[PDB]
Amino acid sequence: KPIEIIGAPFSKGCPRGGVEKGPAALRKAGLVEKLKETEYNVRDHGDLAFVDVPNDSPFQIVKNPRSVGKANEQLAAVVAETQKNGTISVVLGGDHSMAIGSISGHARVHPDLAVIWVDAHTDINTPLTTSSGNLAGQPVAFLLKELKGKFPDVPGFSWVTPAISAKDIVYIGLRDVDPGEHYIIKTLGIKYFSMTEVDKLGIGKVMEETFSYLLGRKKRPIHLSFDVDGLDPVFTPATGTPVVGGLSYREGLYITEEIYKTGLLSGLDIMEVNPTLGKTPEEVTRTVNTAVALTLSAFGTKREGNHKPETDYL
């Protein structure tokens, strides 16, 4: 099964800049080369070039609506294209607003996909509930069928068509949810494992329940959207919205190892690595290293070890 790396150096999803440098930082560590050592064939699509929309005025409180909408429409096309050729798409973030295009394009080919969203945040604010207007905090609102018509049509997103229902997504790692967002996830009956549930059950039981919920009735493609801020800031400090009390490095790898074992990974997003936000060079190395480790883990690298078949090592 082939892999296609797609860079999304974009940061208009938030006011802070820097996350657009994420793809470069990840590639610098040798991510592409390391992936080629797994049992997957790897193709690098390179980084997408995003055309900035001039005079991109704010739609009400929403910032950079047209630019974000355009970047995501382009990403959606690329991902849909790769999915059509039966390859696994891997999007290297910039900001999480890019999940709109990544998941939308993925859903065009696999409408029955299930989403596992690892994040400290729900990123489900709507243009009407957001207090900042940052689209990086509203991705899920543009993807859910249940929220269609719950907010005004935003300039640059008419191409969007709600990909999944609130019942096809599972959140893991939540600990910084706005009131409006909490109201939404409760009202919509969305399945989630906040840090409270992770502490209660243990990451082992969390994954067990996550798969039983999403795959119990039918096996289907999995789209893993991973926000590095889902892990505690002591592991992934170089990110824009760090929140204390997060998933450990170990828990993060456990998630990816279990997802690899399902053999259902169809799409993956590695988002929010902002190289300009490390307080030191090492904080960046630390963040990039775990983002890289998570990616390789999603593709077969196991902590117990690995070895190539049909090879008598002795």
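Heads up: residue numbers just count along the shown sequence, starting at 1.
Stretch comparison (156 to 164 versus 67 to 75) by mean CA B-factor in the PDB entry places 156 to 164 on top. Averaged over Cα atoms, the B-factor as recorded in the entry is higher for 6 to 14 than for the other of 20 to 28 and 6 to 14. The PDB entry assigns its highest CA temperature factor, among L128, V90, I184, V243, to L128.
Residue set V288, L253, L48, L264: peak C-alpha B-factor at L48 (per PDB entry). Per the deposited record, the Cα B-factor of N55 falls in the highest third when ranked against the other modelled residues of its chain. In the deposited entry, the Cα temperature factor of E209 sits in the middle third of values across the chain's modelled residues. In the PDB entry, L35 places in the middle third of its chain by CA B-factor. Among all modelled residues in its chain, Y192 ranks in the middle third by Cα B-factor. Sort the modelled residues of the chain by CA B factor and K200 lands in the lowest third.
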